[PDB]
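Here is what each chain is made of, one letter per residue.
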Amino acid sequence: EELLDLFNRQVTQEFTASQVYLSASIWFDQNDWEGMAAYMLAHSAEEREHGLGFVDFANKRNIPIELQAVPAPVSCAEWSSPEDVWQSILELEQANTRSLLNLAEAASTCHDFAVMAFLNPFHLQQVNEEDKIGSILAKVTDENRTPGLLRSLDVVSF
Amino acid sequence: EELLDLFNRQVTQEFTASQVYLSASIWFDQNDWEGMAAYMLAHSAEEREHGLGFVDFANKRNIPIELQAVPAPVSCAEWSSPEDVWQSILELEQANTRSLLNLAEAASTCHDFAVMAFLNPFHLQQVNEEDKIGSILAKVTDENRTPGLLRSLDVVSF
Amino acid sequence: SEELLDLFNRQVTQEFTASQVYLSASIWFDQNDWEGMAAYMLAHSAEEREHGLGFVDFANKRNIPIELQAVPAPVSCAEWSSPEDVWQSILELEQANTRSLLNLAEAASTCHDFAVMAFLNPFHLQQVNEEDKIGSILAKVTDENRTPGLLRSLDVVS
Amino acid sequence: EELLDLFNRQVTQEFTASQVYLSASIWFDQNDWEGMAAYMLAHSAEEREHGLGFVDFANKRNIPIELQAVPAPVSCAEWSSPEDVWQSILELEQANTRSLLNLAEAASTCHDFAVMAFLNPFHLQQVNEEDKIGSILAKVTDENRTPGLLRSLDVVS
Amino acid sequence: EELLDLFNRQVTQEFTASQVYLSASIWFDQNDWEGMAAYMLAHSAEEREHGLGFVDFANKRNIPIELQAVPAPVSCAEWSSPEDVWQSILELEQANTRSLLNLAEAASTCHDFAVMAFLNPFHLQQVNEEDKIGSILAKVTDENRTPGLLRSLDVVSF
Ligand SMILES: [Fe+3]
Ligand SMILES: [Fe+3]
Ligand SMILES: [Fe+3]
Ligand SMILES: [Fe+3]
Ligand SMILES: [Fe+3]
Ligand SMILES: [Fe+3]
Ligand SMILES: [Fe+3]
Ligand SMILES: [Fe+3]
Ligand SMILES: [Fe+3]
Ligand SMILES: [Fe+3]
Ligand SMILES: [Fe+3]
Ligand SMILES: [Fe+3]
Ligand SMILES: [Fe+3]
Ligand SMILES: [Fe+3]
Ligand SMILES: [Fe+3]
Ligand SMILES: [Fe+3]
Ligand SMILES: [Fe+3]
Ligand SMILES: [Fe+3]
């Protein structure tokens with residue numbers, strides 16, 4: 001039952017993340033960072049696709065899915081610079097990584113080899129995501145040390 | 001008669017706007033902002049096309065058009081930085097939006113459903129224009145906080 | 001509102017009535033060796049029928065019950081003696097088609113039937129274009145018919 | 001500087017003419033001359049393009065441009081036939097030509113070889129335009145001697 | 001004879017300019033401005049082509065050409081920033097313009113219509129060159145107000 005639970009909760013986690021990304025895109029769009037806004041919107045969609053992935057596997061493997069409330073994103077209250085937004089997104093992915101590792105540990109305890117196999121590509125994708133977001137946040141933080149310079153690279157990049 | 005009046009005045013408004021854009025392109029060209037100058041020139045042409053759109057509809061709908069003087073653009077006297085120019089263009093579009101909404105309210109009072117239908121795409125285009133110009137002005141203002149940096153993005157962008 | 005439903009039904013009848021009137025014009029023209037005007041009338045007869053079918057299809061989707069009425073015998077051909085008579089009748093028919101569309105829209109507006117208003121929008125615009133075209137053809141017919149044989153020599157052209 | 005002033009006035013002249021062409025297109029469309037209307041509309045765009053060409057050269061050559069008002073066209077009030085319209089448009093082109101010639105002479109007095117070179121294709125274009133306009137006006141005026149006949153040829157070109 | 005003289009001297013002027021451009025490319029290359037160096041090198045070639053143009057016309061028109069020494073470029077002694085180099089190039093083109101205008105005035109006095117015709121495209125090209133170089137110098141001067149920023153646009157641009 002704990003495994004089935006954690007599986008169900010990973011869907012919520014992916015959908016929660018989707019909404020957080022959407023919130024980041026709104027913040028960026030409202031503050032005229034259209035390039036960062038596009039990035040966040042695309043990633044919102046990707047997180048939804050992850051959750052649907054979990055759903056589909058669950059259905060095939062007879063793991064009951066019950067859809068939970070997708071909480072309101074509330075880090076957009078705190079956000080006052082692009083740096084704040086990217087820092088929250090990095091924490092969000094760090095948590096998504098932790099939630100997948102916990103799920104895998106439950107599967108491992110249960111000898112659920114199909115669930116572990118299913119999760120392998122996600123483990124590796126999370127490594128790539130954390131690295132990419134990490135690297136973006138480092139660039140944002142460095143470029144923002146000179147007034148207007150960050151803007152100058154929402155244009156160029158993204 | 002008020003409807004016909006306001007319709008006729010929208011043509012003047014579009015042509016007025018066309019000339020303001022041309023004036024902005026001249027200011028930018030003379031001050032070696034060729035990328036912003038190109039943007040303004042293109043938009044000058046677009047505003048002319050809008051006015052011709054109104055003219056064509058008027059002719060088809062038997063709304064008498066009498067062409068009015070197209071005033072001299074005079075905000076180019078005040079302009080001393082790209083920020084001043086973009087601020088004027090934003091106000092210009094805000095006024096173009098207001099003039100279309102007033103026209104639509106007159107059509108609405110008159111139950112002139114064809115005029116309201118005609119205006120729908122313009123209403124939505126104005127939303128997009130104000131948002132784009134708004135976003136440009138925000139970037140200009142931010143980048144101009146560091147000497148030479150704005151220049152560096154007339155090149156890259158535009 | 002049962003009355004809005006009546007008006008929508010009545011538009012169907014009006015389109016099919018116009019289709020038959022266009023057909024009657026085609027016949028007159030063909031009988032009198034104006035094959036070019038005849039072809040224009042036949043094509044426009046088909047197009048009015050397409051409009052009526054468009055209304056029926058929307059009505060079916062929107063649960064507006066349709067009761068198909070009699071399509072009355074066109075009566076104007078009894079009195080037509082020149083192409084000018086026929087084009088004037090056709091202009092009058094389109095002016096009527098327009099007034100009934102506007103009556104339907106006013107009812108929809110009163111009932112807050114946003115979907116019906118939206119549906120009608122392209123038709124309001126098409127009617128502007130049709131009246132303008134018809135009116136223009138009538139003006140050319142009238143002018144060319146001041147010289148014997150000249151109108152014929154342009155059934156051959158347009 | 002007479003040269004700078006005349007260069008500025010030439011821009012206003014081109015946009016003025018653009019509006020006059022637009023007004024002709026209006027008169028024609030209102031009176032169901034869709035062919036002549038389209039010709040006039042196309043020419044209105046072309047006059048504006050000419051003015052833009054002057055603007056562009058002026059910016060390159062550091063000739064300060066101050067955009068003036070574009071005066072409302074006033075000929076339409078008196079037009080009652082296509083002939084009247086074509087006649088006003090001929091007169092408009094003849095004035096466009098005289099003002100180019102005045103600008104060229106001022107350039108010539110100043111030994112402004114760049115401005116004179118710039119103007120050469122416009123002098124040749126005016127010759128072509130005056131000829132074309134004049135020819136259309138001749139055709140209009142002849143065809144309009146028979147009722148309906150002119151209409152029967154808006155439809156052709 | 002003065003006309004023939006001035007014609008011969010225009011060849012020297014074009015070749016002199018070619019060498020000045022080459023000197024500018026060397027300065028830029030040695031100071032690691034490869035993008036500005038490429039621009040100068042290309043323009044060096046273009047000035048040579050202009051001189052060869054004059055030569056070819058002269059030969060066809062029986063204007064004796066005697067090739068003069070092409071002086072050593074010596075503004076590269078003074079150069080210490082990209083701004084100094086572009087300022088010299090602007091002066092160089094301003095002088096090339098003056099030399100063409102003087103030539104045209106001699107042709108004009110002599111009623112040498114073929115020489116004036118030959119020169120027309122050069123007059124217009126000089127207008128375009130002065131404007132372009134002017135605009136580059138303005139950008140250089142603005143961007144160089146922030147340390148490293150100019151560099152950042154030798155890369156992007158050019
Ligand atoms: Fe995810
Ligand atoms: Fe993710
Ligand atoms: Fe992912
Ligand atoms: Fe507009
Ligand atoms: Fe606009
Ligand atoms: Fe627009
Ligand atoms: Fe009823
Ligand atoms: Fe009923
Ligand atoms: Fe009924
Ligand atoms: Fe119809
Ligand atoms: Fe119809
Ligand atoms: Fe129709
Ligand atoms: Fe012109
Ligand atoms: Fe012209
Ligand atoms: Fe022209
Ligand atoms: Fe040269
Ligand atoms: Fe050169
Ligand atoms: Fe050159």
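Cut-offs used in this document
- Residues numbered from 1 in each chain as written, not as in the entry; some residues may be left out.
- Chains lettered and ligands numbered in written order.
- Part of a larger assembly, values for the part shown.
- Heavy atoms only, no water.
- UniProt positions renumbered as here; feature names shortened; annotations may be inferred.
- Helix = DSSP H or I, 4+ residues; strand = E, 2+ residues; numbered from the N terminus.
- Buried < 20%, exposed > 50% of the residue type's maximum accessible area, 1.4 Å probe, protein only.
- Contact = heavy atoms within 4.5 Å.
- Areas by Shrake-Rupley, 256 points an atom, 1.4 Å probe, with all protein chains shown as cover.
- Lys, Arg positive; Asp, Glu negative; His and termini not counted.
- Charge placed at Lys NZ, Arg CZ, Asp CG, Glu CD.
- Buried area = accessible area lost by both parts, 1.4 Å probe.
- Salt bridge = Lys/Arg side-chain N within 4 Å of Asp/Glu carboxyl O.
- Polar contact = N/O pair within 3.5 Å; in protein donor to acceptor, adjacent residues only side chain to side chain.
- Expected span 1.5 Å × (residues − 1).
- Donors = N, O, S within 2.8 Å, 3.2 Å for Na, K, Ca; no water.
- Tetrahedral: all angles 85-135°; square planar, octahedral: opposite > 155°, others 65-115°.
- Bend = angle between axes of the 7 residues up to and from the residue.
- Axes fitted to C-alpha atoms, helices over the stretch in contact; angles between N-to-C directions.
- Parallel < 35°, antiparallel > 145°, perpendicular 65-115°, else oblique.
- Left-handed = near helix turned anticlockwise from the far one by under 90°.
- Nonpolar A, V, L, I, M, F, W, Y, C, P; charged D, E, K, R; others polar.

The name given to chain A in the PDB entry is Ferritin, with Pseudo-nitzschia multiseries as the source organism. The UniProt entry for chain A carries the following comment under Catalytic activity (unreviewed entry): "4 Fe(2+) + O2 + 4 H(+) = 4 Fe(3+) + 2 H2O". Under the UniProt heading Function (unreviewed entry), the note attached to chain A is "Stores iron in a soluble, non-toxic, readily available form. Important for iron homeostasis. Iron is taken up in the ferrous form and deposited as ferric hydroxides after oxidation."

In the nomenclature of the PDB entry, chain C corresponds to Ferritin from the organism Pseudo-nitzschia multiseries. Comment text from UniProt for chain C, heading Sequence similarities (unreviewed entry), reads "Belongs to the ferritin family." UniProt annotates chain C under Function (unreviewed entry) with the comment "Stores iron in a soluble, non-toxic, readily available form. Important for iron homeostasis. Iron is taken up in the ferrous form and deposited as ferric hydroxides after oxidation."

Undergrad: Looking at this structure, I do not really get the overall build of chain C. What am I missing?
TA: Looking only at helices and strands, chain C features 5 helices and 0 strands. Beginning at the N terminus, the succession of helices and strands in chain C can be written as α-α-α-α-α. Principal axes of the C-alpha set define a box for chain C whose edges measure 55 × 25 × 20 Å. Buried residues in chain C amount to 47% of all 158 residues. Partitioning the intrachain contacts of chain C with sequence separation of at least 6 by distance along the chain shows that 80% fall at a separation of at least 24. Split by element, the accessible area of chain C, about 7,700 Å² in all, is 56% carbon and sulfur. In chain C, which carries 9 positive and 25 negative side-chain charges, the distance between the mean positions of the two groups comes to 3 Å.

Undergrad: What is the right way to look at the interface of chain C and chain D in this model?
TA: In many reports, interface size means the accessible area that the parts give up when they come together. Residue-level contacts link 12 residues of chain C with 10 residues of chain D. Counting the surface lost from both chain C and chain D, the interface buries some 960 Å², and carbon and sulfur atoms represent 60% of this. Its largest share of buried area at the contact with chain D, chain C owes to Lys140(C), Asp143(C) and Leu150(C), together 41% of the area lost on that side. Here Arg151(D) makes a salt bridge to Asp143(C), at a shortest N to O gap of 2.9 Å. Across the chain C-chain D interface, the total number found is 5 residue pairs in polar contact. With 6 residues, the single largest contributor to the side of chain C that touches chain D is helix α4 (residues 114-144) of chain C.

Undergrad: What exactly am I supposed to notice about helix α1 (residues 2-30) of chain B here?
TA: One turn of the α-helix equals 3.6 residues, which is why residues spaced by three or four share an orientation. Residues and elements named next belong to chain B. Between its first and last C-alpha atoms α1 spans 42 Å; for 29 residues at 1.5 Å apiece the expected length is 42 Å, and the two agree. α1 sits mainly inside the fold: 21 of its 29 residues count as buried. Positive backbone phi, approximately 65 degrees, marks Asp 32, located one or two places after α1.

Undergrad: Looking at this structure, how should I read the arrangement of the chains?
TA: Of all 6 pairs of chains in contact, the one with the most contacts involves chains B and D. For chain A and chain D, which are not in contact, the least C-alpha distance works out to 28 Å.

Undergrad: Sorry if this is basic, but what is going on with the coordination of the iron ion (ligand 18) here?
TA: Under ideal tetrahedral coordination, the four donors around a metal are separated by 109.5 degrees; under ideal octahedral coordination, the six donors are separated by 90 or 180 degrees. All names here are of chain E. Taken together, the protein ligands of the iron ion (ligand 18) are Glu 46 (OE), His 50 (NE2), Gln 125 (OE1) and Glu 129 (OE), with distances of 2.0 to 2.4 Å. In this structure, the iron ion (ligand 18) is surrounded by 4 donor atoms whose angles at the metal cover 75 to 168 degrees, and the resulting shape is irregular. Spacing between the donor residues of the iron ion (ligand 18) along the chain follows E-x3-H-x74-Q-x3-E. Between the iron ion (ligand 18) and the iron ion (ligand 16) the interatomic distance comes to 4.4 Å. Taken together, the residues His 50 in helix α2 (residues 34-60) and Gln 125 in helix α5 (residues 113-143) connect sequence positions 75 residues apart.

Undergrad: For this particular structure, what's the right way to read helix α4 (residues 113-143) of chain D?
TA: The terminal C-alpha atoms of α4(D), which comprises 31 residues, lie 45 Å apart, in line with the 45 Å expected from a rise of 1.5 Å per residue. The largest bend along α4(D) reaches roughly 35 degrees and is located at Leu119(D), with the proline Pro121(D) sitting one to four residues downstream.

Undergrad: Would you mind going over the interface of chain B and chain D with me for this structure?
TA: Each partner contributes to the interface: chain B provides 24 residues, whereas chain D provides 24 residues. Buried surface at the junction of chain B and chain D, both sides included, amounts to about 1,800 Å², of which 60% is carbon and sulfur. Counting every contact that joins chain B to chain D gives 0 salt bridges. Applying the counting criterion to the chain B and chain D interface returns 3 residue pairs in polar contact. For the side of chain B that touches chain D, the secondary structure elements donating two or more residues are α1 and α2 (34-60) of chain B. Ranked by the residues each element gives to the side of chain B that touches chain D, the list is headed by α1(B), at 8 residues.

Undergrad: Can you walk me through the pattern of salt bridges in this structure?
TA: Once their charged atoms are close, side chains differing in charge can pair, the charge on each being opposite to the other. Residue and element names in this part refer to chain D. Evaluation of the coordinates by the stated rule reveals 25 salt bridges over all chains. The shortest N-O distance in the salt bridge between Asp 112 and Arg 61 comes to 2.8 Å. Taken together, the residues span a long stretch of sequence, with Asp 112 in the loop between α3 (82-109) and α4 and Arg 61 in the loop between α2 (34-60) and α3 at a distance of 51 residues. Exposure remark for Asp 112: the relative accessible area of 11% places this residue in the buried category.

Undergrad: Looking at this model, I keep getting lost on the packing of α2(D) against α3(D). Mind explaining?
TA: Residues and elements named next belong to chain D. Direction vectors running N to C along α2 and α3 enclose 15 degrees, while the axes themselves pass 13 Å from each other. Classed by the angle they form, the pair α2 and α3 counts as roughly parallel. By crossing handedness, the relation of α2 to α3 is classed as left-handed. Two secondary-structure elements touch here, α2 through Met 36, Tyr 39, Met 40, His 43, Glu 47 and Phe 54 and α3 through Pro 82, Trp 86, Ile 89, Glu 93, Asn 96, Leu 100 and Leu 103. Each residue belonging to the contact of α2 with α3 can be placed in one class, and the counts come to 9 nonpolar, 2 polar and 2 charged.

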